[PDB]
>>> print(open('model15.txt').read())   # compact mmCIF, N, CA, C and O atoms
# COMPACT_ATOMS: atom_id res chain seq x y z
N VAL A 1310 45.12 48.19 110.99
CA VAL A 1310 44.05 47.27 111.29
C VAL A 1310 42.71 47.96 111.36
O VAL A 1310 41.69 47.34 111.14
N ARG A 1311 42.70 49.25 111.66
CA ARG A 1311 41.45 49.99 111.65
C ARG A 1311 40.87 49.85 110.26
O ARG A 1311 39.71 49.50 110.11
N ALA A 1312 41.70 50.06 109.24
CA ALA A 1312 41.25 49.92 107.87
C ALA A 1312 40.70 48.54 107.58
O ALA A 1312 39.60 48.40 107.05
N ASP A 1313 41.46 47.51 107.94
CA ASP A 1313 41.02 46.14 107.70
C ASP A 1313 39.64 45.90 108.27
O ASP A 1313 38.74 45.48 107.55
N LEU A 1314 39.46 46.20 109.55
CA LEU A 1314 38.19 45.90 110.20
C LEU A 1314 37.05 46.86 109.88
O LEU A 1314 35.89 46.52 110.07
N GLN A 1315 37.38 48.05 109.40
CA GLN A 1315 36.33 48.97 109.00
C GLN A 1315 35.68 48.44 107.76
O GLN A 1315 34.46 48.47 107.62
N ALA A 1316 36.49 47.92 106.85
CA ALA A 1316 35.94 47.44 105.60
C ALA A 1316 35.55 45.98 105.64
O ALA A 1316 35.09 45.44 104.65
N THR A 1317 35.73 45.33 106.79
CA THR A 1317 35.26 43.95 106.91
C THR A 1317 33.75 44.08 106.98
O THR A 1317 33.02 43.30 106.37
N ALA A 1318 33.28 45.09 107.70
CA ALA A 1318 31.85 45.31 107.80
C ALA A 1318 31.29 45.85 106.49
O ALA A 1318 30.11 45.67 106.20
N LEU A 1319 32.13 46.51 105.70
CA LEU A 1319 31.68 47.03 104.42
C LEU A 1319 31.46 45.89 103.44
O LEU A 1319 30.59 45.96 102.58
N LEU A 1320 32.26 44.83 103.56
CA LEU A 1320 32.13 43.69 102.67
C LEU A 1320 31.45 42.52 103.37
O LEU A 1320 31.63 41.37 102.98
N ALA A 1321 30.68 42.80 104.41
CA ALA A 1321 29.97 41.74 105.12
C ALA A 1321 28.72 41.35 104.37
O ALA A 1321 28.26 40.22 104.49
N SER A 1322 28.15 42.28 103.61
CA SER A 1322 26.98 41.96 102.81
C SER A 1322 27.41 41.08 101.66
O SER A 1322 26.65 40.23 101.21
N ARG A 1323 28.64 41.26 101.20
CA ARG A 1323 29.16 40.41 100.14
C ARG A 1323 29.44 39.04 100.72
O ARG A 1323 29.36 38.04 100.02
N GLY A 1324 29.79 39.00 102.00
CA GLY A 1324 30.00 37.72 102.65
C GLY A 1324 28.70 36.96 102.74
O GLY A 1324 28.67 35.76 102.52
N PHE A 1325 27.61 37.67 103.05
CA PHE A 1325 26.30 37.04 103.14
C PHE A 1325 25.87 36.55 101.78
O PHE A 1325 25.29 35.48 101.66
N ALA A 1326 26.16 37.33 100.74
CA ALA A 1326 25.82 36.92 99.39
C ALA A 1326 26.56 35.66 99.04
O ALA A 1326 25.96 34.69 98.58
N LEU A 1327 27.87 35.64 99.27
CA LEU A 1327 28.67 34.47 98.97
C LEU A 1327 28.15 33.26 99.72
O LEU A 1327 28.02 32.18 99.15
N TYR A 1328 27.85 33.43 101.01
CA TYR A 1328 27.34 32.34 101.81
C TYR A 1328 26.06 31.80 101.23
O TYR A 1328 25.96 30.61 100.96
N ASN A 1329 25.07 32.66 101.03
CA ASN A 1329 23.78 32.22 100.52
C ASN A 1329 23.92 31.50 99.21
O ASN A 1329 23.28 30.48 99.00
N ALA A 1330 24.77 32.01 98.32
CA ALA A 1330 24.99 31.37 97.03
C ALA A 1330 25.49 29.96 97.22
O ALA A 1330 24.94 29.02 96.65
N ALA A 1331 26.53 29.79 98.03
CA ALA A 1331 27.09 28.47 98.27
C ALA A 1331 26.07 27.51 98.88
O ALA A 1331 25.98 26.36 98.47
N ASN A 1332 25.31 27.99 99.86
CA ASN A 1332 24.30 27.15 100.49
C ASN A 1332 23.25 26.74 99.47
O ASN A 1332 22.88 25.57 99.41
N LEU A 1333 22.79 27.68 98.67
CA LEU A 1333 21.79 27.38 97.65
C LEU A 1333 22.32 26.37 96.65
O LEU A 1333 21.61 25.46 96.25
N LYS A 1334 23.59 26.50 96.26
CA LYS A 1334 24.18 25.56 95.33
C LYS A 1334 24.14 24.16 95.89
O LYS A 1334 23.75 23.22 95.21
N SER A 1335 24.53 24.02 97.15
CA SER A 1335 24.54 22.70 97.78
C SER A 1335 23.13 22.16 97.93
O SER A 1335 22.90 20.97 97.73
N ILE A 1336 22.18 23.02 98.25
CA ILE A 1336 20.80 22.58 98.40
C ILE A 1336 20.26 22.08 97.08
O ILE A 1336 19.57 21.08 97.02
N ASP A 1337 20.60 22.78 96.00
CA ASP A 1337 20.14 22.37 94.68
C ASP A 1337 20.83 21.10 94.25
O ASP A 1337 20.26 20.31 93.52
N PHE A 1338 22.07 20.90 94.69
CA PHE A 1338 22.77 19.66 94.38
C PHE A 1338 22.02 18.51 95.01
O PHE A 1338 21.77 17.50 94.36
N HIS A 1339 21.64 18.66 96.27
CA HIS A 1339 20.90 17.60 96.95
C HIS A 1339 19.56 17.39 96.30
O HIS A 1339 19.11 16.26 96.16
N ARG A 1340 18.91 18.47 95.88
CA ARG A 1340 17.63 18.35 95.21
C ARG A 1340 17.79 17.55 93.92
O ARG A 1340 16.97 16.70 93.63
N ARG A 1341 18.85 17.81 93.17
CA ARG A 1341 19.10 17.05 91.95
C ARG A 1341 19.29 15.58 92.26
O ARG A 1341 18.75 14.73 91.57
N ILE A 1342 20.06 15.28 93.30
CA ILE A 1342 20.28 13.89 93.69
C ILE A 1342 18.95 13.22 93.99
O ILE A 1342 18.68 12.12 93.51
N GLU A 1343 18.10 13.88 94.76
CA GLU A 1343 16.82 13.31 95.12
C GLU A 1343 15.92 13.14 93.91
O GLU A 1343 15.16 12.18 93.83
N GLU A 1344 15.99 14.07 92.96
CA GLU A 1344 15.20 13.95 91.75
C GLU A 1344 15.63 12.72 90.98
O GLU A 1344 14.80 11.95 90.50
N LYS A 1345 16.94 12.52 90.87
CA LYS A 1345 17.45 11.35 90.17
C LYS A 1345 16.99 10.08 90.86
O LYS A 1345 16.59 9.14 90.20
N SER A 1346 17.04 10.06 92.19
CA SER A 1346 16.62 8.88 92.93
C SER A 1346 15.16 8.55 92.70
O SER A 1346 14.82 7.39 92.51
N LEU A 1347 14.30 9.55 92.70
CA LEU A 1347 12.89 9.31 92.47
C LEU A 1347 12.65 8.81 91.05
O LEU A 1347 11.80 7.96 90.82
N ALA A 1348 13.42 9.33 90.10
CA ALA A 1348 13.29 8.88 88.72
C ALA A 1348 13.79 7.46 88.57
O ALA A 1348 13.21 6.68 87.84
N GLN A 1349 14.87 7.11 89.27
CA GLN A 1349 15.36 5.74 89.24
C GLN A 1349 14.29 4.82 89.77
O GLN A 1349 14.01 3.79 89.18
N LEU A 1350 13.68 5.20 90.89
CA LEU A 1350 12.62 4.40 91.47
C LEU A 1350 11.50 4.18 90.47
O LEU A 1350 10.98 3.08 90.36
N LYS A 1351 11.14 5.21 89.72
CA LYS A 1351 10.09 5.07 88.72
C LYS A 1351 10.50 4.15 87.58
O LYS A 1351 9.71 3.33 87.14
N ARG A 1352 11.73 4.28 87.10
CA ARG A 1352 12.20 3.39 86.05
C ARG A 1352 12.10 1.95 86.51
O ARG A 1352 11.54 1.11 85.80
N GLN A 1353 12.62 1.66 87.70
CA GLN A 1353 12.58 0.31 88.22
C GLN A 1353 11.15 -0.15 88.42
O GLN A 1353 10.81 -1.28 88.07
N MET A 1354 10.30 0.70 88.97
CA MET A 1354 8.92 0.34 89.20
C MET A 1354 8.25 -0.06 87.90
O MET A 1354 7.43 -0.98 87.87
N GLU A 1355 8.59 0.62 86.82
CA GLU A 1355 7.99 0.31 85.53
C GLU A 1355 8.47 -1.02 84.99
O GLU A 1355 7.70 -1.74 84.37
N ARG A 1356 9.73 -1.36 85.21
CA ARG A 1356 10.22 -2.67 84.79
C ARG A 1356 9.46 -3.75 85.53
O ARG A 1356 8.98 -4.70 84.93
N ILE A 1357 9.35 -3.61 86.85
CA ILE A 1357 8.64 -4.59 87.64
C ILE A 1357 7.23 -4.77 87.10
O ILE A 1357 6.76 -5.89 86.93
N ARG A 1358 6.55 -3.66 86.82
CA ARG A 1358 5.17 -3.73 86.34
C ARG A 1358 5.08 -4.34 84.96
O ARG A 1358 4.19 -5.14 84.69
N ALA A 1359 5.98 -3.95 84.07
CA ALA A 1359 5.96 -4.45 82.71
C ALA A 1359 6.13 -5.95 82.68
O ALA A 1359 5.53 -6.62 81.85
N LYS A 1360 6.96 -6.47 83.57
CA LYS A 1360 7.12 -7.91 83.65
C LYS A 1360 5.83 -8.52 84.14
O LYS A 1360 5.27 -9.41 83.51
N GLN A 1361 5.34 -8.03 85.27
CA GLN A 1361 4.12 -8.58 85.85
C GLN A 1361 2.96 -8.41 84.89
O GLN A 1361 1.83 -8.69 85.25
N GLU A 1362 3.24 -7.93 83.69
CA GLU A 1362 2.19 -7.79 82.69
C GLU A 1362 2.51 -8.68 81.52
O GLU A 1362 1.62 -9.09 80.79
N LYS A 1363 3.79 -8.98 81.33
CA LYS A 1363 4.18 -9.90 80.28
C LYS A 1363 3.89 -11.29 80.81
O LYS A 1363 3.66 -12.21 80.03
N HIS A 1364 3.89 -11.43 82.13
CA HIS A 1364 3.59 -12.71 82.74
C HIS A 1364 2.09 -12.82 82.92
O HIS A 1364 1.54 -13.92 82.93
N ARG A 1365 1.41 -11.69 83.04
CA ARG A 1365 -0.04 -11.71 83.15
C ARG A 1365 -0.64 -12.12 81.83
O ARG A 1365 -1.53 -12.95 81.77
N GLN A 1366 -0.13 -11.53 80.75
CA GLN A 1366 -0.60 -11.91 79.43
C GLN A 1366 -0.16 -13.34 79.15
O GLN A 1366 -0.88 -14.09 78.51
N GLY A 1367 1.00 -13.74 79.67
CA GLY A 1367 1.45 -15.11 79.51
C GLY A 1367 0.48 -16.09 80.13
O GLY A 1367 0.27 -17.17 79.59
N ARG A 1368 -0.10 -15.73 81.27
CA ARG A 1368 -1.09 -16.58 81.90
C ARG A 1368 -2.29 -16.73 80.98
O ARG A 1368 -2.77 -17.84 80.76
N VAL A 1369 -2.77 -15.61 80.44
CA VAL A 1369 -3.90 -15.64 79.52
C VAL A 1369 -3.62 -16.57 78.35
O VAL A 1369 -4.44 -17.45 78.04
N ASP A 1370 -2.47 -16.41 77.71
CA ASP A 1370 -2.11 -17.26 76.58
C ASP A 1370 -2.16 -18.74 76.95
O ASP A 1370 -1.47 -19.19 77.86
>>> encode(input="model15.txt", output="structure tokens")
Amino acid sequence: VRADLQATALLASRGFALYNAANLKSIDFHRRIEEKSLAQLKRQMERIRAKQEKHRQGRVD
């Protein structure tokens, strides 16, 4: 067990690397989700506006 625990500290920096990588991956996943959501909002917003313009021109006609 001396061996096991001596090298647990030797591979603790690798543990930190693994941790940070996983956390960053999850954070980027959430960022992607939020990016998609904002883009969806923009797509929808444009449909709403385009209609309110087909109806605006319809009023003119």
>>> atom_distance(input="model15.txt", atom1="atom CA of residue A:1353", atom2="atom CA of residue A:1337")
24.2 Å
>>> atom_distance(input="model15.txt", atom1="atom N of residue A:1368", atom2="atom O of residue A:1356")
14.7 Å
>>> atom_distance(input="model15.txt", atom1="atom CA of residue A:1325", atom2="atom CA of residue A:1313")
17.9 Å
